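Starting off, we have a lone chain in the form deposited in one PDB entry, written out as structure tokens.
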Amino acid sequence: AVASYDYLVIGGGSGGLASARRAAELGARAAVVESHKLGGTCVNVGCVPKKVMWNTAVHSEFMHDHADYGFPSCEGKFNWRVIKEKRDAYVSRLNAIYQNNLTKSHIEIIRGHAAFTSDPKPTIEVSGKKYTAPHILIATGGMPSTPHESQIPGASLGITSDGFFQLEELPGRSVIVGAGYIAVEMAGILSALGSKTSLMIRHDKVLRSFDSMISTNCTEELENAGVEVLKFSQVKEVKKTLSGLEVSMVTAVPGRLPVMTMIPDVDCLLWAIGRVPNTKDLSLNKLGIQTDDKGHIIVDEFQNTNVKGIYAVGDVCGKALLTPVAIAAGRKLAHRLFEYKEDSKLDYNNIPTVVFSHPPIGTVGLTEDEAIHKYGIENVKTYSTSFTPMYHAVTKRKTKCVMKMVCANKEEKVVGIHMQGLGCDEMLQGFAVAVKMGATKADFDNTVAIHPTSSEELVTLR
């Protein structure tokens, strides 16, 4: 027997939840399949617990300033277990909320692991029961990458971001491998909270896909906060020792000779080297659904797979791996399918990003170099500033704020905004709305500043 629905969603994370909820608002008879915990990566091992830990780190960093602001110093050690328990309770509250959001919307929850069957009409099986719909969304997300043993013997002795959220104590000594935003965020949290932390990167700077100003500044800020940035460095082997692990590293700086270094007494080795899509056990081959060589589901601009009636959104597709992107793509898809809006799709240009470094980073649009490639060097003008926020006027510890505006053509259309500094996490959203609207530099300069803030610096560049 086969149960039929209007909409079957595989995965109860950001993209699947949002798409199912919007489809149900439009009248669809929907079901969500979930093998683990509702909320997916965002709620359980991603956005939310990361942010709680960032808030904890931020608090610690600021308290380094308590005597400078007139208070007796706070000479106190952090207790990781206290915040771990509170973080876990919050996650549990969210799991309950998202379950209720589906129930209240009359969306069926199917608990178990879905795979496709060979039925020519697309059908899935979950725990030996079959389900079909004219519309099936694959929203199964991804998972952290780990090196293979054949490449890096002992790599399984390391953990990933998933294991980070299972830690019950602060590691004394941490080595984070990677140079992307997850690596940066994890290193900054562990160091702020008192771990002796190193960040191992393949080149000279972190965040190399970001604007050059951000890549440079973020690297410098990491070092100024006490993160040891191990440049031009790669892990060759990991061994268990009486104390933690020993990491064998090769460093090969341009202009120097390669050198092997052992890093002893490592408590936490964290691989933050990429993400792999969760498609291996879906039985995609039974329907000929197209993937790349990494396992990502291939889609068009409307989130269609190569198979009629099958769609994919979110991290499983490998493009713009953010919660709001999964959500927006899922909602736009629901309006296309169930409101019949044939042009409903997500625009992947001008998606804003925040990285929860110390201080945070915000970016939207094109890097300076991307704009030069697109528009021509003679047709791009940048404006930038660097300053110390007035929060630090009275402190011995310092952080900087850097801002860059990238403008194109005679009208100076704002095609990119890039910044790092106190407040940049909350500052970016509104600027992203202006950029999406096609703001020019004149539109910024025509807006009266708010004083005293960091944000006014973006409307007073000259």
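Throughout, rigid core stands for the largest set of C-alpha atoms superposing within 1.5 Å between the two forms. All residue numbers are counted from 1 along the displayed sequence.
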| property | result |
| --- | --- |
| Segment of greater CA departure in 9 other deposited structures of this protein, 251-259 or 88-96, core superposed | 251-259 |
| RMS CA shift, core-fitted in 9 other deposited structures of this protein, bigger for 71-79 or for 154-162 | 71-79 |
| Mean C-alpha B-factor comparison - 34-42 and 404-412, higher one | 404-412 |
| Selected stretch [higher average CA B-factor]: 175-183 or 223-231 | 223-231 |
| Peak C-alpha temperature factor (PDB record), options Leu270, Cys317, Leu190, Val126 | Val126 |
| Identity of residue with top Cα B-factor, from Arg93, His335, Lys86, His106 | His106 |
| Third assignment of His59 from its chain's C-alpha B-factors | middle |
| Third assignment of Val433 from its chain's C-alpha B-factors | middle |
| Chain-wide C-alpha B factor ranking for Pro144, given as lowest, middle or highest third | middle |
| Chain-wide C-alpha B factor ranking for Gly163, given as lowest, middle or highest third | middle |
| Record-listed C-alpha B factor of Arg111: chain third | highest |
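Form deposited with a small molecule bound: not shown, discussed below.
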| property | result |
| --- | --- |
| Segment assignment from 265-273, 287-295, 216-224, 336-344: heavy atom within 4.5 Å of the small molecule in the entry with it bound | 265-273 |
| Listed residue (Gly194, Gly309, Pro153, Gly244) with a non-hydrogen atom within 4.5 angstroms of the small molecule in the entry with it bound | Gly244 |
| Residue among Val299, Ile159, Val229, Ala371 with a heavy atom within 4.5 Å of the small molecule in the entry with it bound | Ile159 |
| Interface membership of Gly163, the small molecule in the entry with it bound, 4.5 Å heavy atom rule | yes |
| Contact of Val250 with the small molecule in the entry with it bound (heavy atom, 4.5 Å) | no |
| Contact of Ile83 with the small molecule in the entry with it bound (heavy atom, 4.5 Å) | no |
| Heavy atom of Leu167 within 4.5 Å of the small molecule in the entry with it bound | yes |
